[PDB]
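Enquirer: My sequence and its experimental structure, below.
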Amino acid sequence: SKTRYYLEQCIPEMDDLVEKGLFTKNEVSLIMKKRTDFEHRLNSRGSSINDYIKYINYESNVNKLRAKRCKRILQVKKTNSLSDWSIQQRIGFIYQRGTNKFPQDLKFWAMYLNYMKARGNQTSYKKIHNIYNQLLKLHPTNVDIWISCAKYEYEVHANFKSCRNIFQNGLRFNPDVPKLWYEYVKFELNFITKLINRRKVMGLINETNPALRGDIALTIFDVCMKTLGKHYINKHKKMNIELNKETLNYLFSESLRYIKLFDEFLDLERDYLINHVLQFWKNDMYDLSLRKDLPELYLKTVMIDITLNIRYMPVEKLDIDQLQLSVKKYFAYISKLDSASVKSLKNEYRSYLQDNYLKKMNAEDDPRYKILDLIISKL
Amino acid sequence: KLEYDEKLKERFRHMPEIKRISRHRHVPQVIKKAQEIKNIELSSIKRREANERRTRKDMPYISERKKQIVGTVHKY
Amino acid sequence: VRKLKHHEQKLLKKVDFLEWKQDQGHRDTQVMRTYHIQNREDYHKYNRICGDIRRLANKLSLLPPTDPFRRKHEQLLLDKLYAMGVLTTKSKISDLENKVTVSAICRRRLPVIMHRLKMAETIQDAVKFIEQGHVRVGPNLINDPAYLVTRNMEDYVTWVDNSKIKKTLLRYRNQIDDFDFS
RNA sequence: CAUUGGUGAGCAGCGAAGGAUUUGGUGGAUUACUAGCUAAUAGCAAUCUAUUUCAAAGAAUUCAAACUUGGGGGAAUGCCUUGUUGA
RNA sequence: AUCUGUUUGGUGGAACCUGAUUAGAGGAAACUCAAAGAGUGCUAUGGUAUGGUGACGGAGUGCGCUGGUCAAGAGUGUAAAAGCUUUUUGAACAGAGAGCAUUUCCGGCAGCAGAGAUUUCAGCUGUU
RNA sequence: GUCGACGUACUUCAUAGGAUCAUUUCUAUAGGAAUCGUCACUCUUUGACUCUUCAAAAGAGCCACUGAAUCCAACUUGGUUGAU
């Protein structure tokens, strides 16, 4: 039977261990009794994934004991024999059998992947790719596995082509998940930032382009808005107008969180990216006017633009002319908006300018801070 | 189970009653009678060839795999 | 043994743990169940006696038919077996081979006689009544169930006196006389 | 009227800090009393086995050996017997 | 009604006959013991078991393999063509992990430095 | 006249075609259908046990000690402001 075959496959390792001074024959017999129990539990009916986990833990501690015994007796870090890789091969085989039998246990899949990544020198990139291929075919609608695949390929191999292909296939399978779009934008921004800093490194060693601009991330942004809106409508499909307004509000939050990612990206042209996203939101969506449909969100976007005109610049090195231009834009927006909207926008702008400059610098310390306090009192 | 049975049959095919059971087939009566007629005729040819080999001091022994061939165009 | 599958039965046609050819159909067990025979060897002792009868009958048959010796001995055997009660009739010579059975002898045992005499409802009841000391054949109490009753001896197979069975039947008919001890 | 029918309710009488049925277990007896163990003229009983082995004695059917079978007919092949063939 | 006696339903069940059965026929109790039958449920999965006995693995390279495109050749057709076929070759490109080879390097040590979760990890500089 | 011959009347004797089973594989036919080391559940049949009815009958017997059950008596508690 299968248990007998697997035990007879375990035999040559114990031949090697007895041949070296590492283990006594009785100790080998006790180890094989435990392995007999575990192999019977795996190959019988009524098994669980916990039996696989316990067997892997047992083999791991056997390997640790073997390492200590090889350090102590022979005074060598490792022998050149079968026994130093055979337990590792067995643990990989137990993981493979467990994933084949219960493919739905994502924790066991993660344990398999972590183990195969951890034994880096002995494993193969081909093996990690095969485990990813099996797992991605079995669970194509799990976004985290696609993200982990792309992350492994980006940090370990720095394979930007494979990372792009992984993200594109994953978004083909999961077009409704905002998280995968976000990670794709983050990867592309990381790639172009690394290209920019690599060009800068070259320019300092020795002696434009839409790729360096960020138009790839902008196109991913636009396709994200269309696809996420369409799939959100398909999931939740006068009342249609209310649903469209709710969809626009839902997309607005993801857009603002993309804005926060752009603000996190300091090296990139934040002003360019914010200009593009506010251009998109200035363009009408869902057959309704944005400002008329969501005046609170329109006022929020106007205040966001007015603040981010100078928010990229530090408060210590703030430009009085830029602050005056922002205040003039705020006054124009207040004139355009309703009186309650103008009052709310003025209060928000005053609070933002206060938290920017008034807490940072004193009116006695800076002569321009007195003018800022006067402008805040006027607002 | 089937592979083990085949290997065991191959191992012990040489035994008397295993051979007896294994070679048994039901054969039509015409084919069986013609087989025994051909057996008798072959035995008669064998005794005639034995008499010829007794008469002739040196007769060539021709192979069963040679008997059917009258000739070849290109000689070897 | 579980039920054999089709391919197993072909290779195991002769296999049987419960019926063997030497058992002869469990004829002995059948006869002991019919007549409540307790001893195991009673059928085979009876069968040996039947075999002696049949061997003697075969030899008398191989004698010539118009032989005074043959005719006298066949009539002697027929009369003796009829007097014992093994043979119901004396008409035919061929009954000395056809109608001599173990069951014919077992029908002359005391419980079968009592059950035919309506003394007991079953042969097993008759067996128990014999072992419990209720039955006498003449003045003599018989507690052996294997005791064989002759045609003449049938007329004295009776309940013992002072028997609770005898008192019960007399009390049922309202004819119990306590001076007679019942 | 009878009830040698059932189920009950009550007297006389009997009558000592109760009475009446039923049932499990254990002990003694059920033949007529001379003690336990063993390798037994003795030793042991807390065993010994660190003397427990040597020597002596000891081999007929010249393997005789189913007194052991239900009855009637048989016996391909077994088995038994006898004869024969070749070693 | 010291009227009448048919019906319907209970109770009872002799004689004859008929059928079946026979250590007489049952009944009750169970997380009891035993012999079998039938039907279900359950990844129930080696068509030749795993990535490895330093007889090895990892990295790299060479060869091979795959796909479409382009060019050339050949066949067919034509008044020239176009078109079509190709078990013909070349080049560039995109690959797969899926074969083969290695007389390249790494699975010793010392030191530096970084990162990860005090240890670990690969890497660098030397040496063997 | 349990006699013959003849006449008459009566009684009884057919047979086939096909399939299956029977050889510890094969009943003679390729026109057919069966080769796997058990895990569990459900249902069903049967037999043991223990008790018992029809429904009895017989007690390996006697003493002693030691438990248990049941029915009365007595005592206790509840009960006509309601036991059964």
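Expert: Nice, thanks for sending it over. Residues are numbered from 1 along each chain as shown, chains lettered A, B, ... in the order given.
Enquirer: could you pull out the helices for the stretch 51-200 of chain A?
Expert: All helices of the stretch 51-200 of chain A, identified by DSSP state H, counting those that start in this stretch, fall at A:83-101, A:106-118, A:125-138, A:143-152, A:160-173, A:178-205.
Enquirer: Oh, that last question was meant for chain C, not what I typed.
Expert: Along chain C, the segments classed as helices by DSSP state H run C:6-11, C:27-35, C:42-62, C:68-84, C:95-98, C:102-106, C:110-116, C:123-131, C:164-172.
Enquirer: Chain B: helices as residue ranges?
Expert: Counting by DSSP H, the helices of chain B are B:2-11, B:16-22, B:29-55.
Enquirer: picking that back up, make JSON lines out of the helices of chain C and add distance to RNA strand D and mean neighbour count.
Expert: The C-beta positions use only the backbone N, C-alpha and C, and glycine is treated the same way. Formatted as JSON lines, the helices of chain C follow (distance: least, CB to the nearest atom of the strand, whole Å; neighbours: other CB atoms under 10 Å in any protein chain shown):
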{"stretch": "helix C:6-11", "distance to RNA strand D": "21", "mean neighbour count": "9"}
{"stretch": "helix C:27-35", "distance to RNA strand D": "9", "mean neighbour count": "16"}
{"stretch": "helix C:42-62", "distance to RNA strand D": "2", "mean neighbour count": "15"}
{"stretch": "helix C:68-84", "distance to RNA strand D": "14", "mean neighbour count": "14"}
{"stretch": "helix C:95-98", "distance to RNA strand D": "7", "mean neighbour count": "16"}
{"stretch": "helix C:102-106", "distance to RNA strand D": "9", "mean neighbour count": "20"}
{"stretch": "helix C:110-116", "distance to RNA strand D": "21", "mean neighbour count": "23"}
{"stretch": "helix C:123-131", "distance to RNA strand D": "21", "mean neighbour count": "19"}
{"stretch": "helix C:164-172", "distance to RNA strand D": "10", "mean neighbour count": "14"}
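Enquirer: Output the helices of the stretch 51-200 of chain A as JSON lines; include the columns distance to residue B:71 and mean neighbour count.
Expert: Formatted as JSON lines, the helices of the stretch 51-200 of chain A follow (distance: least, CB to CB, whole Å; neighbours: other CB atoms under 10 Å in any protein chain shown):
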{"stretch": "helix A:83-101", "distance to residue B:71": "66", "mean neighbour count": "18"}
{"stretch": "helix A:106-118", "distance to residue B:71": "72", "mean neighbour count": "16"}
{"stretch": "helix A:125-138", "distance to residue B:71": "64", "mean neighbour count": "15"}
{"stretch": "helix A:143-152", "distance to residue B:71": "75", "mean neighbour count": "20"}
{"stretch": "helix A:160-173", "distance to residue B:71": "72", "mean neighbour count": "17"}
{"stretch": "helix A:178-205", "distance to residue B:71": "83", "mean neighbour count": "16"}
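Enquirer: roughly how far apart are residue A:49 and RNA strand E?
Expert: Distance, residue A:49 to RNA strand E, using CB to the nearest atom of the strand, to the nearest Å: 12 Å.
Enquirer: try residue A:147
Expert: 16 Å.
Enquirer: Check residue A:243 too.
Expert: 41 Å.
Enquirer: ok, how many other residues are close to that residue?
Expert: Residue A:243 is flanked by 15 other residues according to other CB atoms under 10 Å in any protein chain shown.
Enquirer: That one sits in which helix or strand?
Expert: helix A:239-264 (DSSP states H and E).
Enquirer: Which residue lies nearest the spatial centre of chain C?
Expert: residue C:106 (0.8 Å; CA atoms, centre = their mean).
Enquirer: got a list of what residue A:128 touches?
Expert: A:113, A:116-117, A:152 (CB atoms under 8 Å, 6 or more residues apart in numbering or on different chains).
Enquirer: give me the number of residues near residue A:2?
Expert: Residue A:2: 11 neighbours (other CB under 10 Å).
Enquirer: and the two most separated of the contacts of residue A:128?
Expert: The distance between the two most remote of the contacts of residue A:128 (CB to CB) is 10.6 Å, for A:116 and A:152.
Enquirer: Residue numbers of chain B in contact with RNA strand F?
Expert: By the rule CB under 7 Å from any atom of the strand, the part of chain B lying against RNA strand F is B:1-2, B:5, B:20-21, B:24-26, B:28.
Enquirer: So which of those reach RNA strand D?
Expert: Answer for the residues of chain B next to RNA strand F near RNA strand D: none qualify (CB under 7 Å from any atom of the strand).
Enquirer: What is the nearest of those residues to residue C:114?
Expert: After measuring those against residue C:114 - CB to CB - the closest member comes out as residue B:21, at 62.2 Å.
Enquirer: List phi and psi for residue C:64.
Expert: Reported as degrees, to the nearest 10, the phi and psi values for residue C:64 are phi -70, psi 150.
Enquirer: Return the residues in contact with it.
Expert: residue C:70.
Enquirer: likewise the one 5 residues further on?
Expert: For residue C:69, the contacting residues are residue C:63, by CB under 8 Å, 6+ apart.
Enquirer: how far away is it from residue B:71?
Expert: 95 Å (CB to CB, to the nearest Å).
Enquirer: Same check on residue A:245?
Expert: In terms of CB to CB, residue A:245 sits 103 Å off from residue B:71.
Enquirer: before we move on, the earlier item: out of the contacts of residue A:128, which touch RNA strand E?
Expert: residue A:116.
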